[PDB]
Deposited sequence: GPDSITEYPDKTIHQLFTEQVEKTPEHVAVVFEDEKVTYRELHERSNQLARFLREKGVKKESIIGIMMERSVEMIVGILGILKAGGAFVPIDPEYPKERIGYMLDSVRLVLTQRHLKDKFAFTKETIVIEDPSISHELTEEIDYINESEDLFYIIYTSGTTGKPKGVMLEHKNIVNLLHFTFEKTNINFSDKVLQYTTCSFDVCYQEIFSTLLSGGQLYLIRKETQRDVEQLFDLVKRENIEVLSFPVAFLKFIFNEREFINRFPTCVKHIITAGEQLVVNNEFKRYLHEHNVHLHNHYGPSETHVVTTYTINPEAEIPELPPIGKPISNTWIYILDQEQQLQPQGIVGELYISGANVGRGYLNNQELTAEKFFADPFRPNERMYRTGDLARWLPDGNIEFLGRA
């Protein structure tokens, strides 16, 4: 996998497809050059305001093209971002401003919260006066990418997310270069899997308003008009869809790939019928915020479809151990605790490494590697797939 940062790889994609549409938001359609230049201006502004290597920058925006520019600008300037839901209670916000240099937000959210930290608005007209030319990137692969809160601030490096994305490009044929729906809320780690696997493969990232994301009828229809062929929904969403006859009827049928994560996936007969009927590839993904997605399982729609599909096998440069309470390996079929090692393992919990010492270990079998203890229970299947239980 490339020893590159997310913004470095994004820049190389702008070189390949500068005039291709990168982001679609209702009326607004933004090209890769537009997205690159606008985030370049913000990155210059952010560095002018003190953003340096590995600076922790809070970002709180609604679903918008401005959010995409903000994330890219924060990474280009050299820092890591902390996603904050604008719908969260303003005491819950204060938790996330822990050790944050400044807050990048929008006009109305600068009003709503009156932060206890330095605040930059994306609509600031000073930003648009900065140079749209490229900049010198200052980050290495192991630099922090974001800090996501679950409340503990989970730290993930550029290396971890790049490895998952590189496996997605090299070892799967999900057409991320086509139109992809950005469904997941910005406070979840899957949201950035949707955003950057599309942006780093030349595809069209389709953003939606908060109300469209909550309107199932409006959502399925937008996929139909725009022919969005890659969909990403939580497991609970798919269970909700295929328990209602009304929604099964309206579910888009010419989608090429559906990616899902969350609790154990349950595929009832109508869901099984849907996948077989329309040749839709359902991908089961697993991973905690500390390591992101590390195992995948793609349901073959032409074979028999398991009603409880496994979470699959480790992605490249990732090793999975099912250990006992003494961290000894369990034989196939014996329930144990999931441990994750390899390139995806993050840096730990922000400003709390007593908890990090409890959850992050050295790999006893691969001494160079970092190991993370998930607390989830699983079984090795005889075919090498992992059965996720809890």
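Residues 1-7, 158-163, 404-405 of the deposited sequence have no C-alpha coordinates in the structure.
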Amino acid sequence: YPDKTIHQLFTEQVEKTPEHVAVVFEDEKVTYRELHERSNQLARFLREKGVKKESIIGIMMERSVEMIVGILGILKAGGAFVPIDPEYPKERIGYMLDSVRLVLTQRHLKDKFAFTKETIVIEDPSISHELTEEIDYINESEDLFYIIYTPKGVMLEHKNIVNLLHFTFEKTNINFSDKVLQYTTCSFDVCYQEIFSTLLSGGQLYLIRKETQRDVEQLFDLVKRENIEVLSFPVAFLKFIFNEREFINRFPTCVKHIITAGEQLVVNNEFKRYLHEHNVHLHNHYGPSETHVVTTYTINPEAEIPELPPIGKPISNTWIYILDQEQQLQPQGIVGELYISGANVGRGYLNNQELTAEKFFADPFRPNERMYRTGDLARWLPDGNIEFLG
From here on, numbers count along this sequence of modelled residues.
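Stretches 256-264 and 110-118 differ in mean CA B factor, with 110-118 having the higher one. With 97-105 and 224-232 compared on mean CA B-factor from the PDB entry, the stretch scoring higher is 97-105. Among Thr168, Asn139, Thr318, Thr298, the highest C-alpha B-factor recorded in the PDB entry belongs to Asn139.
Remark: of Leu42, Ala343, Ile340, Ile334, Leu42 shows the highest value [criterion: C-alpha B-factor in the PDB entry]. In the deposited entry, the Cα temperature factor of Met60 places it in the highest third of its chain's modelled residues. Among the modelled residues of its chain, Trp380 has a C-alpha B-factor that falls in the lowest third, as given in the PDB entry. Residue-level temperature factors show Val51 in the highest third of its chain, judged at the C-alpha atom. The PDB entry assigns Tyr88 a C-alpha temperature factor belonging to the highest third of its chain's modelled residues. The PDB entry assigns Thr31 a C-alpha temperature factor belonging to the middle third of its chain's modelled residues.
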